[PDB]
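To keep things clear, I will list the structure first and then write my remarks on it.
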Amino acid sequence: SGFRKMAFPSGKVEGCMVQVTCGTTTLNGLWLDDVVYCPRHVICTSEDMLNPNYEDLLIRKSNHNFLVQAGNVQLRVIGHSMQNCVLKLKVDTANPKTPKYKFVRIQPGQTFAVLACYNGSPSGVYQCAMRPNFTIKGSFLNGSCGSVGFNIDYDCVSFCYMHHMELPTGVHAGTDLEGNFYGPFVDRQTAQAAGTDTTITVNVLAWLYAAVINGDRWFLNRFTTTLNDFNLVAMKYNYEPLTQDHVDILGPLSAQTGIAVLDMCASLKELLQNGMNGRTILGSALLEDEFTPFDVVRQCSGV
Amino acid sequence: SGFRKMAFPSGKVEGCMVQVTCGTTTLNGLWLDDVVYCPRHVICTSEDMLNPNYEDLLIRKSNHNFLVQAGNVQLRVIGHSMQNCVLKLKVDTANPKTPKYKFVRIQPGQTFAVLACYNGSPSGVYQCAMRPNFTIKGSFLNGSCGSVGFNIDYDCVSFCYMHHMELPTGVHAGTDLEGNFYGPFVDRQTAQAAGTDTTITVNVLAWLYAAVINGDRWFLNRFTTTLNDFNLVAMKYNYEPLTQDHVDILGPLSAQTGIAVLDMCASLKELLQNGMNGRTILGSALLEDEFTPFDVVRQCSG
Ligand SMILES: *[C@@](O)(CO)[C@H](C[C@@H]1CCNC1=O)NC(=O)[C@H](CC(C)C)NC(=O)c1cc2c(OC)cccc2[nH]1
Ligand SMILES: *[C@@](O)(CO)[C@H](C[C@@H]1CCNC1=O)NC(=O)[C@H](CC(C)C)NC(=O)c1cc2c(OC)cccc2[nH]1
Numbered sequence: 001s002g003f004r005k006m007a008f009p010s011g012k013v014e015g016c017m018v019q020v021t022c023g024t025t026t027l028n029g030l031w032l033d034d035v036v037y038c039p040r041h042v043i044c045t046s047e048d049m050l051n052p053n054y055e056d057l058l059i060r061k062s063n064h065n066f067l068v069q070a071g072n073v074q075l076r077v078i079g080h081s082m083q084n085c086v087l088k089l090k091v092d093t094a095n096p097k098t099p100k101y102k103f104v105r106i107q108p109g110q111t112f113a114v115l116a117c118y119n120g121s122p123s124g125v126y127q128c129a130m131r132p133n134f135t136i137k138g139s140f141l142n143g144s145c146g147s148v149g150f151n152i153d154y155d156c157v158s159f160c161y162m163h164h165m166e167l168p169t170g171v172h173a174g175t176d177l178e179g180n181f182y183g184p185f186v187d188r189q190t191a192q193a194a195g196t197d198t199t200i201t202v203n204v205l206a207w208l209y210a211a212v213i214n215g216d217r218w219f220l221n222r223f224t225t226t227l228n229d230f231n232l233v234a235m236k237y238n239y240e241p242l243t244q245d246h247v248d249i250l251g252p253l254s255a256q257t258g259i260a261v262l263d264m265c266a267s268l269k270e271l272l273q274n275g276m277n278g279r280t281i282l283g284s285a286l287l288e289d290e291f292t293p294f295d296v297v298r299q300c301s302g303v
Numbered sequence: 001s002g003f004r005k006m007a008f009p010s011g012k013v014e015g016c017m018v019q020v021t022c023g024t025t026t027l028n029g030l031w032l033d034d035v036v037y038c039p040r041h042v043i044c045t046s047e048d049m050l051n052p053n054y055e056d057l058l059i060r061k062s063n064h065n066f067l068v069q070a071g072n073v074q075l076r077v078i079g080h081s082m083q084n085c086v087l088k089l090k091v092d093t094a095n096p097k098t099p100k101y102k103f104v105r106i107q108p109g110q111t112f113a114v115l116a117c118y119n120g121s122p123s124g125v126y127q128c129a130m131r132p133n134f135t136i137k138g139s140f141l142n143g144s145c146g147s148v149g150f151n152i153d154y155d156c157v158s159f160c161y162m163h164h165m166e167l168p169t170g171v172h173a174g175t176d177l178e179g180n181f182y183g184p185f186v187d188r189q190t191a192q193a194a195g196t197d198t199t200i201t202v203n204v205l206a207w208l209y210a211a212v213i214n215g216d217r218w219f220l221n222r223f224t225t226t227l228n229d230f231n232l233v234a235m236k237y238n239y240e241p242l243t244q245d246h247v248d249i250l251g252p253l254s255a256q257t258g259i260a261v262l263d264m265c266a267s268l269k270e271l272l273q274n275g276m277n278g279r280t281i282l283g284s285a286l287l288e289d290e291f292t293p294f295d296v297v298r299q300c301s302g
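Sequences listed follow chains A and B, in order. The numbers in the deposited numbering rise by one with no breaks, and the one at position 61 of the first sequence is 61. The numbers in the deposited numbering rise by one with no breaks, and the one at position 117 of the second sequence is 117.
This is how it looks when you write it as structure tokens:
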């Protein structure tokens, strides 16, 4: 038993992390087969980042302008190209530790593991959720760009995020591995705001089921609600709407606890209107929304 | 910026997890050099775990009774021994993925990464804090014994925890890599209770230093205190007493912010006696006690 935010093992990703340097600008790259993926703004200087014409700055660069370091060995760049905001550097050596992998664009509300790296060296790993406003609440410092987010299904690593930016509010923004940003952000040195953040309702419900499976039932109530009436209250409290697909996705958790999804909605409705009154749920004083139904099932099945 | 419960990358430990099976009992082992370490109760039968005499049980075991597998490849056992609650199985193959490592016994309050493992296959990694009552609030299922907790300094892996037991309350207990249980538990199929838990004072102070570093410093007062006066006060609010080592590992943060440790102790004392008065610290009205002074520096420095 027990329930904590838990990331997939990062070993298969650590073996792909490299360092990319152009001028006095350094960040992390991802080395899969004979191509290294990194944020394209590595080709910028301090002055270029204010408003960079990347296509312009890229044609003016030569292969030998890119220093790529895999641990202690230097990889030779034998070609370069740009796909959206991601620079792709072909190299003379294929990474022998390349795992079975795929590039996936994650949906808002879904979770992934983040391997924070600095100077091409892994530093830490933690779970994040792609929030509705397409930011993530991570822990990134200077030099963390190029760090990637991922999940692992059996032995296949699905890469879904590469880090680029920290917003003024302290949250973080990035691209998928095709170089497309999540959210309306742009890779220029400007202060950018995200859209209004909402709470991932299906995740809050799943996390409440995790509390019941771990013995916490104090928030339950005898009342029930309709899907529409719950959504009215949810939208009022800046919660994402709950769809029938979400109700279907919550089925297994409902069958294990014997609590109908719409019964848990009434319990969440009361929590939103009455509050927790100082009480805690699974140790938290706030309603947690960064656990997916999958995340919960994978720690609370059999308990 | 940003504060997360962050775990060390698990790759150096993933390459060391194996599966150990005796009869039908399977759990996880740690393969370092030519030795596999694992919980000794792997030699017990289902009905035998009520009050095992591990010394007699081991007498009835030979090298050929132990099935050690890295993946599906069997590692031949060429010797066996018992050290406290851990079994050391000498194997014929030295693990080529063995990292530079050491065995450490952590103190209550310190944090470490836990690599959840099942049938020798890593499944997840998360960060834990060793409670003052020698328990960790983790996520462990059937088959998780033998999973290890660890820290990584540069390229050295410091192993500090091997999982053994889930308590009736849902928290977990285990040993260091020398087989010595953290806390007053024993490897036996019985419901054992942990001592009443307390708040990790040293970590709360680290958290306050973190708030100061970020410009959130309303709680700094004009008082100071002796270490003894603070301890006696802290024990009345279910807070751990501080040691000399606790004062010492707050040194870097005290020097970074210019706030003497005992001045911050006096600030904490005020918060304990008078509450927060609706105010928040780093966006929360609850004082957090699962980040060590090192975790704070790592996430404010780099
Ligand atoms: C990468 O490491 C750059 O290689 C870096 C990521 C962080 C720095 C601190 N915390 C992080 O996660 N990314 C940046 O510095 C990006 C650069 C590219 C061009 C987008 N810039 C920002 O993240 C950024 C710029 C500004 C800003 O301007 C002026 C004003 C306010 C916030 C801000 N963030
Ligand atoms: C290991 O996997 C055993 O190999 C297993 C750990 C977990 C199982 C589920 N969640 C875990 O963390 N360990 C045990 O089952 C141990 C075996 C001991 C070391 C011999 N037993 C317990 O942890 C345990 C026993 C009892 C009990 O008795 C009866 C009564 C109440 C709780 C309890 N926990």
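Virtual Cβ for every residue (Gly too), placed ideally from N, Cα, C.
heavy atom of ligand 2 below 8 angstroms from residue i C-beta
i: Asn84 (chain B); result: no
i: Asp176 (chain B); result: no
i: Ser1 (chain A); result: yes
i: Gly79 (chain B); result: no
i: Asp245 (chain A); result: no
i: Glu55 (chain B); result: no
i: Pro168 (chain B); result: yes
i: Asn142 (chain B); result: yes
i: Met162 (chain B); result: no
i: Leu268 (chain B); result: no
i: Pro96 (chain B); result: no
i: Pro39 (chain B); result: yes
CB of residue i within 9 angstroms of CB of residue j, strictly
i: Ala129 (chain B); j: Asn203 (chain B); result: yes
i: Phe185 (chain A); j: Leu167 (chain A); result: yes
i: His41 (chain B); j: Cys145 (chain B); result: yes
i: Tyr126 (chain B); j: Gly143 (chain B); result: no
i: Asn28 (chain B); j: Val148 (chain B); result: yes
i: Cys38 (chain A); j: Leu87 (chain A); result: yes
i: residue 303 (chain B); j: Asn65 (chain B); result: Since the first residue of chain B shown is 1 and the last is 302, residue 303 (chain B) is not available in this structure.
i: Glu240 (chain B); j: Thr292 (chain B); result: no
i: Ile152 (chain A); j: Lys12 (chain A); result: yes
i: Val171 (chain A); j: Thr135 (chain A); result: yes
i: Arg188 (chain B); j: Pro52 (chain B); result: yes
i: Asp263 (chain A); j: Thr224 (chain A); result: yes
Residue i, DSSP secondary structure in three states
i: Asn65 (chain B); result: helix
i: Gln192 (chain A); result: coil
i: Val296 (chain B); result: helix
i: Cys44 (chain A); result: coil
i: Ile59 (chain B); result: helix
i: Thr26 (chain A); result: strand
i: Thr280 (chain B); result: coil
i: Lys5 (chain B); result: coil
i: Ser81 (chain A); result: strand
i: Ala173 (chain A); result: strand
i: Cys16 (chain A); result: coil
i: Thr93 (chain B); result: coil
Residue i CB to nearest heavy atom of ligand 1 below 8 angstroms
i: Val42 (chain A); result: yes
i: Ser301 (chain B); result: no
i: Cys145 (chain A); result: yes
i: residue 308 (chain A); result: Residue 308 (chain A) lies beyond the range of chain A shown here (1 to 303); nothing can be said about it.
i: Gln192 (chain A); result: yes
i: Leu58 (chain A); result: no
i: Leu27 (chain A); result: yes
i: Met165 (chain A); result: yes
i: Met49 (chain B); result: no
i: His172 (chain A); result: yes
For residue j and residue i, believed in contact at Cβ under 8 angstroms, the rounded distance
i: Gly109 (chain A); j: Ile200 (chain A); result: 4 angstroms
i: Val233 (chain A); j: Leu208 (chain A); result: Actually they are not in contact, since the Cβ atoms of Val233 (chain A) and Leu208 (chain A) sit about 15 angstroms apart, beyond 8 angstroms.
i: residue 312 (chain B); j: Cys156 (chain B); result: There is simply no residue 312 (chain B) to check, as chain B begins at 1 and stops at 302 in what is shown.
i: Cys85 (chain A); j: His164 (chain A); result: 7 angstroms
i: residue 304 (chain A); j: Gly124 (chain B); result: This structure does not reach residue 304 (chain A), given that chain A is present from 1 up to 303, and the question cannot be answered.
Go through the stretch 97-161 of chain A residue by residue and report every complete run of the beta strand (DSSP E) that reaches 3 residues or more, in order.
Taking only runs of at least 3 residues, the beta strand (DSSP E) segments lying wholly in the stretch 97-161 of chain A are 101-103, 111-118, 121-129 and 148-153.
- Message: To test your reading of the DSSP string, which unbroken alpha helix (DSSP H) runs of 4 or more residues are found completely within the stretch 187-252 of chain B?
- Response: Unbroken alpha helix (DSSP H) runs of no fewer than 4 residues, entirely contained in the stretch 187-252 of chain B, are found at 201-213, 227-236 and 244-249, following chain order.
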